[PDB]
Each structure stands twice: as structure tokens, then as C-alpha cells.
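Engineer:
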Amino acid sequence: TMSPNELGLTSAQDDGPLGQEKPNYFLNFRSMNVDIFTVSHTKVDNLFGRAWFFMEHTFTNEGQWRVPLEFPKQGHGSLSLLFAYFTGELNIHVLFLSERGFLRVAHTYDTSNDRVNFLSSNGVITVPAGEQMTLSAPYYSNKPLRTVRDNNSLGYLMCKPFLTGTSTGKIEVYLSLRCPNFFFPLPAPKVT
Amino acid sequence: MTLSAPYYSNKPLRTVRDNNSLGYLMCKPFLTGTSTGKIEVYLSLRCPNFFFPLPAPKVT
Amino acid sequence: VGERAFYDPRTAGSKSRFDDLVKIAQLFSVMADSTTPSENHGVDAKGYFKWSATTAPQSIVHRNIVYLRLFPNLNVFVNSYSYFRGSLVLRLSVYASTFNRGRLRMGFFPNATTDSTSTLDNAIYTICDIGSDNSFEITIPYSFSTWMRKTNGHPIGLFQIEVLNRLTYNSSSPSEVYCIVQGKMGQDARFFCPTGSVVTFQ
Amino acid sequence: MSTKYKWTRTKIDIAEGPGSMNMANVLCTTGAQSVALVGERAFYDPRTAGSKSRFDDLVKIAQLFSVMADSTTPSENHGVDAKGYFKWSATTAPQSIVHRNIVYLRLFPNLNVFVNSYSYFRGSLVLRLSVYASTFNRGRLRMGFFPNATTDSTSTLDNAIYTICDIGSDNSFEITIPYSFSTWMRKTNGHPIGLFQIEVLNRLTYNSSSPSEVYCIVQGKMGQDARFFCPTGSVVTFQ
Amino acid sequence: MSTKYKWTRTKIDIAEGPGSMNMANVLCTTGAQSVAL
Amino acid sequence: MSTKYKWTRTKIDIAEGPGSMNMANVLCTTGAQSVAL
Amino acid sequence: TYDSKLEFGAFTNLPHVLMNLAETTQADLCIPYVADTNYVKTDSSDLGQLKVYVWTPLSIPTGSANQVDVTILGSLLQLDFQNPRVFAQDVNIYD
Amino acid sequence: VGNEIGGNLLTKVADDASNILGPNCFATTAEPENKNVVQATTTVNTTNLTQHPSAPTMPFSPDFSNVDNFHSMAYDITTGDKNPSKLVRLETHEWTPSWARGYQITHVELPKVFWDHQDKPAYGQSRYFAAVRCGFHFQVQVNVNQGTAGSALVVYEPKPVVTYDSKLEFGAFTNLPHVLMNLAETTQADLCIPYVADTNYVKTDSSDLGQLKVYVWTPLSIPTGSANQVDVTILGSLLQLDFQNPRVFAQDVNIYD
Amino acid sequence: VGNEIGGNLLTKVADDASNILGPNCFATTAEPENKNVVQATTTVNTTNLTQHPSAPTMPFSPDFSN
RNA sequence: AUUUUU
RNA sequence: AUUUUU
RNA sequence: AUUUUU
RNA sequence: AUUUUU
RNA sequence: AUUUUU
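Below, the structure is given as C-alpha cells:
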């Protein structure tokens, strides 16, 4: 039968270990699980499998664009802030808004700003002018886990546009992740 | 493009008449220069579930 | 070579990654937590107030309209998903001494909006008798006109904790104690559509 | 081994039309991409609608009766108008007309909708005349129909598809009009369905405590063999 | 398991002619799209 | 049944070169389209 | 690192022990190696730190004592020293 | 007999007065989560007694193996443990030419020499224990060019010998674990010495358990051109080590009577 | 459900993170010697009721045959 | 690592 | 020349 | 007309 | 309606 | 929900 513990009478100091799926009941009530969709939208793989805006860059020259990729404190991706460590594939969505040209895109977890000066083997995919691509950067990190908060939690993204004439433009970037491994959930964030 | 939006409604059924019977559509164009234009929109539905037929409509 | 890497959970002290987020929504968090207890006899949203001997046998120690955003953990999902469903669990923890004794009835009127003290005889209530386990709970079954409700829209209901029996004490025990109200999702909790954000975290 | 050839990706020729959007074939639209989080489907709830299943075929709606050219007031021209709401009066001679007009699908609320949706159709049409008299009133009324007729003029119905109505307990007589056109499919909005005439056969009799004239209602629907074919543009705007 | 490689969509090379319309071969026209309901 | 997912057409990635015409490999030319009836 | 950015009252998400005085006199916490690096530099604050906060202030009656002491004891479930080095010399295992 | 029956005297009553709608009340009684128990925990030479314990906590689906499966540190897991038994340089003196036979080249305080400086692998632990019982493995190294010749006596002298050293006849020291090593023939000597004393344990940081010495069997015969700076080095390893008695940091404790 | 698990939630954890040197910690939980019981003793026409009894004592290997 | 889908 | 992948 | 490839 | 091709 | 097609 039902114990008084499952009827509401408990002790907060006896909750450890963390993660106790204890059932709560009372007459005329029982946990009822009803599904509306064929699958879950709470699963990490599904939720995060959907991109979210990151930032935009307006180029004028053929200079390079180096930016510390990090988890959002803004979109639905904020749900990541509930975790401390991450590891797995990273999907980067880049939109190359230009009349005539090409956009070199690369990604690395390497902090050194000189290993990027060349782009030899940092994944120089080419998005023709007015096009957009979605490259999935592997976990080529030198650290087993990525603190989820760091201003560079995610590796740096590089964008060296190869323009042809006076043409200029802007590169909007949004991103998601493929199968994410989050660990050791931390306390909920505050609001600004 | 032709995107198929799922029934992500908070209401089990959509009164068919409502000025918002179907969910709202959003369009935020990302332009580059002074370029401007127009966005024509047409639509259909995939497998529709209609219920409780009501009387025929009037004419204007 | 378009391949994959071998992940290392051990360095995180875990044996496996975290697959479902709902489990986080099922973790208690203080409601409208503050540094100081309710200075309005608990008539505010502060989930941190005081149970005092003075308070009449029917006076209110805390009353307010509950929203998911009033909870740290939940407020995150509120800013992520558009809808949800499932039961909500609130756990009141009164921290008194081993000498203090008394009862307190906390009820809840689902989807109620009028923030006003009212008899809880018809509301979903739980009577709390002070003892060794001073952390009573209360479950609120999903209740809406729809199969799925807005994560940020209509209130969850009216939450009221009235005094049933004056907090008793003695020469060496406190005449008033502190209380904490936590909130989490039930085992049947679910979230559905992810929507835009209504706030920015830090 | 096939190492005599350098491995390469498959090469394919792209047919006419780069991003041609077919908004005519359903087989095309149903295959469109999904903005769903995981491209899945939802569980529908018919109960909230009080139904056990969704509505799959529209033809069934076209098979639902609707008043013809319905009005607030009965025909003020002895029924010589399109109003499917007129009066059967004792005064009317044993051969005079109580109602006459050319019938079109658009004259019916339900049907008029299909008329503004589909371009063609086929099948039989059923008209049901409901005379509302008292239990004392008695008499007969013959309603005929000349298919595809266009001359709106009273004429002997001896050769027309007619139905004699003898007032009793069930005062709602019908009349079916089999598909009749030079084609296997006819315009939903074009040539008339025919001439509809309801002549008096036997003067409506009455007594001291019964009405000397009664009200009549004409409804119309499609037969069990009804069909609609091509969807076309609209000729009117609903509200 | 083939989990040593990140799953991806098939990649294919598009032959000469972007929207070249062949109005000579019947085998080409009969395969055209249908505006039928 | 696979009715847990909305049926859709296959999606594929198009390799480098939009209408690149290979006039070097015979295996490429012999596969060209036919203007034959 | 980001302590001020976190909402108190949610810290219950971390291995903790809300311990109600007058009920419990000791709390037990088993914490495994947790870091974003396989190894932590000896003599470092890395690998986090254990803290004790005020859930609800002390309600000390008039006559009752007013000097409550909080003590933290620690044991190593498992220890592992690998990199050799001079005596207590700061060495960087990190990049 | 009473005072707990609250569950089946309310659960049954309703079950007895229930209609098609079922019981209108359910009552369950049991023991509180906070029961009257006592917990005891023991770590190395410690015992924690608590009479007001609480449910122990821990992270989600935790892994306490504490072993890095990637081995970011390629070493044996027991490296730190065995570290103090590691081979180390105990001494290095210079064989000053013109030193008659019997002359003592260099000595070494056994066993406190293994904690000679704070830079000794064993220095760490040695400080937290007053008692020691260990075995030794010495390797006295002496290198000399081929042109030169000579011989040294590497011998282990227990406290008994060290005490009465002058009373013993040199040339008989060959009775002790030694290595008459003839230069120009051998460059290193090996000596395996077990725990030798008149007491089960020796006080840490003591010269007890004897000491290893190196004497001049036959003086160095260095030709004219040949080099004249011969160095004698003493290396030591602990075949087996054992620290027992706990004590304050490096505080002289008397294990003896 | 809690408040006693102090023994196998510490005894096991170590038993799970132990090396060749064995566990570095052992924890055992149980009831105190002074439990909540009541003792009753009856002599000729007398009854002694005590609610705070203690372990009865007696001499070494005693003989009560008298 | 059914850590694309069954 | 499993010198595309197993 | 293995006169796409084996 | 092998009324795409065999 | 053969609520893509048979």
C-alpha cells in the first residue's frame, strides 16, 4: 500500500543521493502520463538539435572573422546553462550574404591565434556568394570536457571571405549541436 | 520554400473560422544593401481533420 | 574523416551523459526566493517567510498567485518551451526547534486569479503537524481547458498557507520560525513547444 | 576489384525547373519539409469535438439538404420566383401554378459552396418539398421537372419527371433528377439543371378551424452517386 | 557499429545543365511533373 | 507504423560545381542526355 | 567561477544537504572527481570547493547558547598523485 | 497494542463503509524518515561517531572508480605509493689520492639518510611516522679510467659495528655484507640489506639500523697522466618500507625504553 | 526511505572506488544501546514500571541457586 | 553510441 | 589497392 | 552492341 | 493503360 | 493514421 512518505510527509535532509523519482499520491489522484506528440521535446538531442541565432558580422574587406563560440543565455539554448560540462558534435549554420564571392569557414578549439592564420586543416568549407551551409564541427578539443559557461565554451569560428570587386556584405551566424553530452547539472541562472 | 508546420497548438482543436484559426506566420528578411521587395504567401494543409459541419456560409 | 570521438564521463564524475531535460524541471527550487523573509506577513510572492506564534488560528502566513516563472529551474523552461502539462509539487519546509508544536494548513485553488484570503475547505490542502519531518508537500494535478497549457500565461492557481494552530513554544524555544517553499514538476511533467525568450539570463 | 576506376560520387541530371513549387498536386505538398522539432506527428482528439472520427469526404456535405433561394417572406409573385419558400393556397385553381423557376446548383447554400470550388460534377439531384398544413387540410399537388430546360414558362408536366403529393402524415415529398447532360461531366456553374414547376392538382381543402392556405419549403441535395471533379477559381466571396 | 562516422545526408554531383529542358526525347517529357490534384 | 514522422521527400547535399561539364572522362560523356525522339 | 550569476535556492541542484538543525548534527557528501580536465594541478583551487550557506538564519531563544560552530571534515575516497616534480614547486599541467 | 494502529483502523473502516464509488478515505501509518539511529564511520586511524545522521547525498549517476580511462597520466596507478621506495643518491664524496688502506672514504646515516633533505621522495611520509622497518638495496658506484687501479671496501655496518668500530680488526670486515670491488674491473657494487637491529622497529630519523661505509682496501695507483679526481657515489633503494607509529610533523618520538 | 542509509551509502561508495589497497572508509549504522523501551517487574503483590530501563548487571559467572 | 530512424 | 567505407 | 561498367 | 521501360 | 502510394 501507500506509505505516509509518498503522501507528502517527508524530510528535506534525507533527499541525497540526487535524483529521487518518488511518486506522490492522495485519494482520487495518480501520476498520469499522457503524450500529445509521437516524441519528446525534452530530450537533449531533440531540443538542442534545433539551431538558434548567435551573432552577425558585417564585412567590407577580405579580413578574417574570429569569434569565441559560447552557449546562449538568450534562446531555448539557455537550457544548457543548467549544466556544467559539455562534449560532442557542434552544428554551425552560416549565411553568406554577398553579391559575388566565396566564404571560407573553419572551426577549432585551439586557443592559439596563429594556428588559424593559415586555415590549412581547420575545415575551410566554401559557401558561394548568396549561399548558406551547415557544417558539423567534431569535438577536436584538447580538453575532455567543455565548461558550458566559458566565453569560449565552444571552439572558435573562422570566416575569411574571398571577395572579387568592391562588393561587401554581412555574415549572419546561428548554431545548434548534434548529440550533446551534458554533465553535473548546476543551479538555475539569474535574470538581468 | 514549402514548410509544413506541425499542430503545435495549445488548443486541441482550432475553431475553423477564427481570424487566427491557423497559427501566426513570421517573416524576418535578412537584407544586405538597399535592396527591397515583396513576399507573396499561399498555403494548403497535409491531412486535415475537420469536425462538426456547420451551416453553409452567406455571400457578400 | 567524418568520424566520431570517444567521450569521457568519468572526468565529470558521471557514468553517463544527461539525456532528458524534464528531470531538471523535476528538481526543487525556492519560489521567489529573497534574502529577507516576507515583510508583509507573507502576502507577497516570497517563498521565504515566518510562521509566528502571534498569528491568529486563522490568519494567513502566506498567500500569492503561483506562476512557473516564480521558480529558478522552471523559469528556465518557461523561457524555452511555449507549452506544458503535468502535476506540480510544492514542498513547505518549516524550520523549528524540537520543542515547537502546531499545525498549518496550506491549500491551493487551481487557476485561481483573485489574490484574496479564502476558506480552503474546498481547495486542495495539506495540514502540517510539526514533528521530526517538518517538510510537507502538496501536489497539483494538471488542470486546464486544454491538453497542453502555456508555460507563460494563466496562473497555476492561488497558493495560501493559513494558520490552523498557533505555533506553541517554551522558555528556551523560539516564538516564531522560518519557512521555505520549493517547487518542482511531477513525474508526469512534460514540456512541448520551444518558443522565443521572454527574458535574458546571466 | 573495382579499383580500376577512381571512386567518385554519383552524378545526376537535374530536370527542368530549379525550385519550381508545385502547388497543384497533393502528392507534392504532403512531401514538403517539416519545421517540426523532430518532424513528427501529433495525436488528434476527436472526443473534444464530440466525434469518433474526422470527416474524410466532402461529397457527403453536398448530400445535405438546403433551402433553395431561401427568403424571410414567402413568394409574393404566386411562386413564379426562385424563392423555395412559398404558399399553397385554396384559391389557386386546380391547374394554376404555385411555384415555377429554373434551378441552378448555386440556388442552394451547401451546393453553392461546391459551385464556387469545383468546376464540374455529375450525379442525380434530389429536391424535397415540405408542405406544412394542419391534420385537417387535404389535397394533391404535382411537381415536375424538365431537365436542362431553360424557358421559364408554365407547361404541362405529363411528360416531365413529376411526383404527385397527397397530403397526409408525412408531408415532405421528394423528386430525383438523374444526371442528364451531353457530357460525362457538366459545369458546376453553367447550364441550368432544368425547369422546376409545382402545379396544383386538387385545391387545398379546409374547414372552419383549419387554414385556407399553408407554407411550403423546397430543399435540395446531391444523390448518392454525386461527384465533383475539378476545382476551379471562385465566382463569389463568402463571409 | 557505424558510429565511427557522423551520420550525414548523401552527397551527389550535378551534371551539366542546371534546368536544361529536353523537348526532344519523349522519355523526358512523359516524366514531367503533374499539375493534377 | 512510421506515422510518428511526417512523410517528406529525400534531402540530399549537392557536391562542388553546379553545372560543371566534364569533357575529359568518357564515362561522363557517354552518360549525357539524348536528343533522340 | 560564476557564483554571482547563479540563483540561490536552486543550488539544491548540486550535491548538497539541506540539513535542518535540531534534527541533524552532521551531513555526509560523497563527491567524485569533477573537472573539465582529466587531472587537476596539485595545490590548486580547481575541482571546485565545498561551501556552507545559511538556508534559514539561527533562531536562538533568549537563554539558549549563541555560539554555534560549523566544522568541515574531509576524507579521500580515492587518491592519485602522478606527475613528479621538485618539492612544492608550481607546475602547470594545463595549457 | 495501540499508538500505530492509525492506518488500519481508518483504512479498514472506510473499506467497510464504501459504496460503488469506493472508499472516501485512506490512512497509512509508518516510521518517520528521521529515525533514532546511530552512524559510525572509520577512515585511516580515525572514527567518527554521529548519533544524529542524515541520508548521505551524491551527484547524478556518479562514478567513483576515480580512474582516468584515458590515462592522461601514463604512469602506474600505484606510482605515488611506491615513490618513496624509489632509488636515490645518498652520497657522493671524492676519493682523495694518497689515502692509506683502512681509511674511511665516506659514510651514510642509515636509515635517516633517505630523508636527508626535503627533496627526498621518502622525506614526505617519513615525517608523519616515528617507527620504521625497511630493507635496503645499495649501489655504490666508482668510476676510474683503465690506466688507473685500486680497490675499495663497500660494507654495511649495523649499529653494533658502528658503535664498536675501533674495537674491530679491519681486514675482517669482509665478514659483513660487503663488496671488495677492484677498480678498473667493476664500476658499481650491489648490496641487498634486510632490516637488521636488536629491536623490532627503529626510530625514524635515527642513525640506528647501522650505516653503510666505503673504505680504502688498497690506495689508488694513479699513473702520471691519468686523472686524479675519483668520485665515490652511494645510491639507495628501499626493497621494502614500513612506517607505523603516527606522530606530529617531524617530532622526535622515543619508540625505545 | 532515508535517515539510516548512512551505512550502505558510505560502505558501498568506497567499495566502488577501492584500489588494490582496499576501501579507504567503512560506515555502519544501527540503533543506539539506549532504545525507546519500557520494562516491567513484578514481585509478590508488587509491580514496578520503568520507562527508562538500563542493562541489568551481575557478578562474574554468578551462581543464583543460593 | 539504436549518442540519425525502427 | 578493403590504396572510398565495413 | 558486355558498342556505359563487371 | 506493358496508354514511362523490359 | 494504408491520416504519402499499393
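Protein chains in written order, with full-length UniProt numbering: chain D, 567 to 758; chain F, 699 to 758; chain H, 341 to 542; chain Y, 304 to 542; chain S, 304 to 340; chain U, 304 to 340; chain X, 194 to 288; chain A, 32 to 288; chain R, 32 to 97. Using N, Cα and C, we set each Cβ at its ideal position, and we do this for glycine too.
Based on the DSSP secondary-structure assignment, which residues constitute the bridge partners of residue 609 of chain D?
Structural biologist: Paired residue(s): H/360.
Engineer: Which value, in whole angstroms, describes the spacing of the CA atoms of residue 49 of chain A and residue 594 of chain D?
Structural biologist: Each residue's alpha carbon lies about 14 angstroms from the other.
Engineer: Which residues does DSSP list as the beta-bridge partners of residue 263 of chain A?
Structural biologist: According to DSSP, residue 263 of chain A bridges with A/124, A/173.
Engineer: For residue 505 of chain H, report the span of its beta strand (DSSP E) as first-last.
Structural biologist: Start and end: 497-508.
Engineer: What residues are listed by DSSP as bridge partners for residue 464 of chain Y?
Structural biologist: Residue 464 of chain Y pairs with Y/448.
Engineer: With distance defined between alpha-carbon atoms, name the residue in X/258, X/214, X/222, X/233 nearest to residue 288 of chain X.
Structural biologist: Ranking the options by Cα distance to residue 288 of chain X, first place goes to X/233.
Engineer: For chain H, is any of its Cβ atoms less than 9 angstroms away from the one on residue 333 of chain S?
Structural biologist: Cβ-Cβ to chain H under 9 angstroms: no for residue 333 of chain S.
Engineer: Identify whether residue 534 of chain H lies in helix, strand or coil by the three-state DSSP scheme.
Structural biologist: Residue state, collapsed to three classes: strand.
Engineer: Secondary structure at residue 390 of chain H, three-state DSSP: helix, strand or coil?
Structural biologist: Residue 390 of chain H: strand per DSSP, three-state reduction.
Engineer: Give the straight-line distance between the Cα atoms of residue 590 of chain D and residue 346 of chain H, rounded to the nearest whole angstrom.
Structural biologist: Using only the alpha carbons, I get a separation of about 39 angstroms.
Engineer: Hey, quick one: how far does the beta strand (DSSP E) through residue 221 of chain A stretch, first residue to last?
Structural biologist: First-last of the beta strand (DSSP E) with residue 221 of chain A: 219-224.
Engineer: How long is the line joining the alpha carbons of residue 52 of chain A and residue 77 of chain R, rounded to whole angstroms?
Structural biologist: Cα to Cα, the separation comes out at about 55 angstroms.
Engineer: Taking DSSP as the reference, what is the three-state secondary structure of residue 352 of chain H?
Structural biologist: Reduced to three states, the DSSP call for residue 352 of chain H is helix.
Engineer: Between which two residues does the beta strand (DSSP E) carrying residue 421 of chain Y extend?
Structural biologist: Neither: residue 421 of chain Y is in no beta strand (DSSP E) and is coded neither H nor E.
Engineer: Hey, would you say the C-beta of residue 525 of chain Y is under 8 angstroms away from at least one heavy atom of the ligand SAM?
Structural biologist: As for the ligand SAM, it is missing from this structure, which has no ligand bound.
Engineer: Give me, in chain order, the residues of the same chain whose beta-carbon lies closer than 6 angstroms to that of residue 415 of chain H; leave out the 5 immediate sequence neighbours on both sides.
Structural biologist: For residue 415 of chain H, where only same-chain residues beyond five positions count, the Cβ hits under 6 angstroms are 409.
Engineer: Got a sec? Which residues, its chain only, sit under 6 angstroms from residue 692 of chain D by beta carbon, not counting five neighbours each side?
Structural biologist: Result list for residue 692 of chain D: 668, in chain order.
Engineer: With DSSP as the reference, label residue 72 of chain A as helix, strand or coil.
Structural biologist: Three-state result, residue 72 of chain A: strand.
Engineer: Count the other CB atoms within 10 Å of the CB of residue 248 of chain A; is the residue buried (16 or more) or exposed (fewer)?
Structural biologist: Buried is the call here.
Engineer: In chain S, which residues lie with their C-beta within 8 angstroms of the C-beta of residue 314 of chain Y?
Structural biologist: 315, 316, 317, 318, listed in chain order.
Engineer: Residues in its own chain within less than 6 angstroms of residue 264 of chain A by CB, not counting five upstream and five downstream?
Structural biologist: Once the five neighbours on either side are set aside, the close Cβ partners of residue 264 of chain A are 123, 172.
Engineer: Taking only beta-carbon atoms, is residue 65 of chain A less than 9 angstroms away from chain D?
Structural biologist: True, the Cβ-Cβ gap to chain D drops below 9 angstroms.
Engineer: On a CA-only basis, which of H/452, H/457, H/399 is nearest residue 407 of chain H? Give me that one, please.
Structural biologist: The shortest C-alpha separation from residue 407 of chain H is found at H/452.
Engineer: Evaluate contact between the region 507-514 of chain Y and the region 435-442 of chain Y, counting only Cβ atoms and requiring at least three cross-stretch pairs below 8 angstroms.
Structural biologist: Verdict: yes, contact present.
Engineer: Let me see if you follow: with CB-CB separation under 9 angstroms, is residue 327 of chain U close to chain S or not?
Structural biologist: It does not; no Cβ of chain S falls within 9 angstroms.
Engineer: For the region 705-723 of chain F, which residues have a beta carbon sitting closer than 7 angstroms to at least one beta carbon of chain H?
Structural biologist: The residues in question are 706, 708, 709, 710.
Engineer: Determine which residues of the region 662-689 of chain D have a Cβ less than 8 angstroms from any Cβ of chain Y, and write them out in chain order.
Structural biologist: Listed by position, the residues of the region 662-689 of chain D near chain Y (Cβ gap below 8 angstroms) amount to none.
Engineer: Would you list, in chain order, the members of the region 401-430 of chain H that have their beta-carbon closer than 8 angstroms to a beta-carbon of chain X?
Structural biologist: Hits within the stretch, in order: 412, 413.
Engineer: In chain A, what lies closer than 8 angstroms to residue 38 of chain R by C-beta?
Structural biologist: Correct list: 70.
Engineer: Could you compute how far the alpha carbon of residue 219 of chain A sits from the alpha carbon of residue 166 of chain A?
Structural biologist: The straight-line gap from Cα to Cα measures roughly 20 angstroms.
Engineer: Between Y/422, Y/318, Y/417, which has its C-alpha nearest residue 535 of chain Y's C-alpha?
Structural biologist: Checking every option, the nearest Cα to that of residue 535 of chain Y belongs to Y/422.
Engineer: CB residue 334 of chain U to CB residue 317 of chain S, shorter than 9 angstroms?
Structural biologist: It is not a contact, given that the beta carbons lie outside the stated cut-off.
Engineer: Cβ closer than 8 angstroms: which chain Y residues qualify as neighbours of residue 601 of chain D?
Structural biologist: Here the neighbours are 346.
Engineer: With a threshold of 8 angstroms, are at least 3 pairs of Cβ atoms found where one atom belongs to the region 713-723 of chain D and the other to the region 615-635 of chain D?
Structural biologist: Yes, the region 713-723 of chain D touches the region 615-635 of chain D.
Engineer: Run down chain S in chain order and give the residues with a C-beta less than 9 angstroms from the C-beta of residue 337 of chain U.
Structural biologist: Near residue 337 of chain U (Cβ distances below 9 angstroms), the residues of chain S are 325, 327, 328, 330, 331.
Engineer: Is residue 316 of chain S helix, strand or coil when you go by DSSP?
Structural biologist: Strand at residue 316 of chain S.
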